[PDB]
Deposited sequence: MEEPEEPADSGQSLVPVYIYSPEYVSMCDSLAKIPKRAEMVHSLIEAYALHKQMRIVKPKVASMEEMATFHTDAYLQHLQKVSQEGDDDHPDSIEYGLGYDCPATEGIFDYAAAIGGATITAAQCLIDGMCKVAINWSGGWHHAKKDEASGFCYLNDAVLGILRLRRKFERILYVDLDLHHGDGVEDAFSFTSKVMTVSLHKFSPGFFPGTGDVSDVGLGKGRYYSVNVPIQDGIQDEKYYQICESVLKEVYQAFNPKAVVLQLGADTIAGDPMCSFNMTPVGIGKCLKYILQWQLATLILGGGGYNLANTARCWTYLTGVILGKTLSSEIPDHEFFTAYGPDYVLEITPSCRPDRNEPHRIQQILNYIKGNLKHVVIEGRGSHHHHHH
């Protein structure tokens, strides 16, 4: 009955070893531990993904290339490697560990071990079947969804990262077995450039992709209003049997991305709404580039999952000195404008409502 927490010291070390910002996984776990939340979860060591498991989504050619350059290359550009996804030593084992962790969480859900399974180091939603993209070498979210398909006939993917979950959406673009829902910043020039409200999927999957384009400066109340409106309609139209939820913390006030203006409490309300469906739910991380705030956020959301109220004071622990200048759990929104016009937002919601009328289970 208690949530599964995917964790080992070795796994955290691997996640941080080639993370864009060092020590993020270690800081997230360290804060969860400082609040003693791990004592209220079932700690499960991740299994590393086998080649065959990774190939449920990724092509053999891409996987073999990743494996080769990871060992100590003219093809690497073809596979999306070189810039934001460097071809450095060890990336294949790294990626296989995160993929395996998400698959392990999914397997726990299939086996009925728990109703919620957490991999805060997963959520790499941009990777394509045959190329790295947007810091993502492997798409662990797709791998988790495909593991859940061994049991569940309809899976809802909900992506609350600042960025469009394009890799996951594209993986399931042509099918009605998986509905993808992404709330994200959408503005010409802003990565990855896709996911306008008119993006609804293709072929047999038409209307089984939902995209909510949002502008800079959104705060908790308006975001939750949008999220609840969409998820209410989605739940009613699609009747999912399991959920995968990406909770990238790069929406949170104080992130270097400096785009949305959320706090973990607003994201938490979204999470609570999904949890009250009482479905098998796979919880993932994602972006998040202010280390202390990302730990604040995912620790608070772990508390939400556990139904616990955490002390506002950051406990004494290894990374306490990183939590200045205030040393509290709460995050204060930045003093900058909300650029979301309410009639634009309502227009987007109206479109989505119209699209979901076509969804016929």
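In this entry, the deposited residues absent from the coordinate set span 1-13, 86-89, 379-389.
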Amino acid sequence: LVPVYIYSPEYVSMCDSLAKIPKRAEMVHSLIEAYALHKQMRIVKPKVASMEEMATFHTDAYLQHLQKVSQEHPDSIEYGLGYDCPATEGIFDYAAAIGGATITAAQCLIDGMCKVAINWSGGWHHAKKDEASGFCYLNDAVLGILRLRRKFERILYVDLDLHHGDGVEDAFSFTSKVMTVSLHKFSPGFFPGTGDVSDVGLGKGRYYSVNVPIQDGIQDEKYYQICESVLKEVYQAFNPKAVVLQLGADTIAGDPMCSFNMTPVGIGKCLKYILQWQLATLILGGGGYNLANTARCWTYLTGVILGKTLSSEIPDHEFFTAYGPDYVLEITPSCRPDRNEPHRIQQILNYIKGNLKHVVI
From here on, numbers count along this sequence of modelled residues.
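As the entry records it, the average C-alpha temperature factor is higher for 274-282, out of 245-253 and 274-282. According to the PDB record, 59-67 carries the higher mean C-alpha B-factor of the two stretches 59-67 and 26-34. Of the candidates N211, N261, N139, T175, the one whose C-alpha carries the top B factor in the deposited record is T175. Between the residues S334, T309, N293, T299, it is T309 that shows the highest Cα B-factor in the PDB record.
Among all modelled residues in its chain, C108 ranks in the highest third by Cα B-factor. Compared with the other modelled residues of the chain, the Cα B-factor recorded for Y224 ranks in the middle third. Ranked by C-alpha B-factor against the other modelled residues of its chain, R150 falls in the highest third.
Among the modelled residues of its chain, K128 has a C-alpha B-factor that falls in the middle third, as given in the PDB entry. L231: CA B factor lies in the middle third for its chain, per the PDB record.
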